[PDB]
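# Observations on the model geometry
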Amino acid sequence: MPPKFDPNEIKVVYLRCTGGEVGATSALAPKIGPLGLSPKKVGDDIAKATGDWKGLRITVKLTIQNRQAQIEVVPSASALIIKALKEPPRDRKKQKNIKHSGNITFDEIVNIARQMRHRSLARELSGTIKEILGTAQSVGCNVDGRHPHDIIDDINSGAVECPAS
């Protein structure tokens, strides 16, 4: 219900330099550098904007939008400053224990054993469970449960009943 407006990508840069000189200022270096803006355009805009030979303790501010810089000159100095305190969202990066495959559980062995699929059926239930689980321990030092004795003990005890799980 409430009204709203779409935001625009506007950047504000503070420039403290007087005289005829072209180039990028201190803020422009770290901003324009990664932005990919052309410093020549900014320097030319600054020189043309301040081509009146302004030099008396004055602060110049410029607005950057779509590689277009607008030069605004205000009298005196001590310009206001504000920080958004917000940054654009991005995807984080982290390590995973998946590696080759991971997620090895006796349930999987039981599932193929009951399904009779050629994945971990092998021959004997105990032989295949121990073999696959043993392989899991070799590939992962901490896959989930590196206890073959307990696994076969639990499997033999009655890990699977009517359903495969």
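Residues numbered from 1 in each chain as written, not as in the entry; some residues may be left out. Heavy atoms only, no water.

Method of determination for the deposited model, per the PDB record: solution NMR.

## Things to note about the environment of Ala122
The condition is simple: Helix numbers and strand numbers start at the N terminus; a helix is a DSSP run of H or I with at least 4 residues, a strand a run of E with at least 2.
By the secondary structure assignment, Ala122 is in the loop between α3 (106–115) and α4 (125–139). Sequence separation of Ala122 and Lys96 is 26 residues, and the distance between their C-alpha atoms is 29 Å.

## A short note on the side chain of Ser120
Worth spelling out the cut-off: Contacts are residue-level and defined by heavy atoms, with any inter-residue pair within 4.5 Å sufficient.
Positionally, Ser120 belongs in the loop between α3 and α4. Residues contacting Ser120, with those up to four places away along its chain left out, are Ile109, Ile112, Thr128 and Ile132.

## Thoughts on the pairing of strand β3 (residues 68–74)
Our working definition: DSSP calls a pair of strands paired once it identifies at least 2 bridges connecting them.
Pairing of strand β2 (residues 59–65) with β3, which is carried by 7 bridges, proceeds in the antiparallel orientation. Bridging from a neighbouring strand, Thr63 pairs with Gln70 of β3. Hairpin connection from β2 to β3: 2 residues lie between these consecutive antiparallel strands, with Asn66 at a positive phi of about 55°.

## Some words on the sheet that holds β2
Rules: Helix axes use the C-alpha atoms of the stretch in contact, all axes being lines fitted to C-alpha atoms, and the angles between their N-to-C directions lie in the range 0 to 180 degrees.
One open sheet accounts for 3 strands, arranged β1-β2-β3; its pairing is antiparallel. The outermost strands of the open sheet, each flanked by one partner alone, are β1 (11–15) and β3. Ignoring which end each strand starts from, the neighbouring axes of this sheet average 25° apart. Those strands touched by helix α2 (residues 39–49) are β1, β2 and β3, and its axis lies near 30° from that of β3.

## Considerations on the pattern of salt bridges
Two side chains carrying opposite charge are able to pair once their charged atoms lie near each other. The following threshold applies: The term salt bridge refers to a side-chain nitrogen of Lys or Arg lying within 4 Å of a carboxyl oxygen of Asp or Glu. Burial classification: accessible surface area is computed with a 1.4 Å probe over protein chains only, and a residue below 20% of its type maximum counts as buried, one above 50% as exposed, and the rest as partly exposed.
Evaluation of the coordinates by the stated rule reveals 1 salt bridge. Notably, a salt bridge pairs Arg119 with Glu108, separated by 2.9 Å at the nearest N-O pair. Here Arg119 is found in the loop between α3 and α4, whereas its partner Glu108 is found in helix α3, with 11 residues between them in sequence. Since its relative accessible area comes to 29%, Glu108 is described here as partly exposed.

## With respect to the side chain of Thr50
Structurally, the position occupied by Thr50 is in the loop between α2 and β2. The exposure class assigned to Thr50 is buried, which follows from its relative accessible area of 11%. Once residues lying within four places of it in the same chain are set aside, the contact partners of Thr50 are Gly19, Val60 and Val73.

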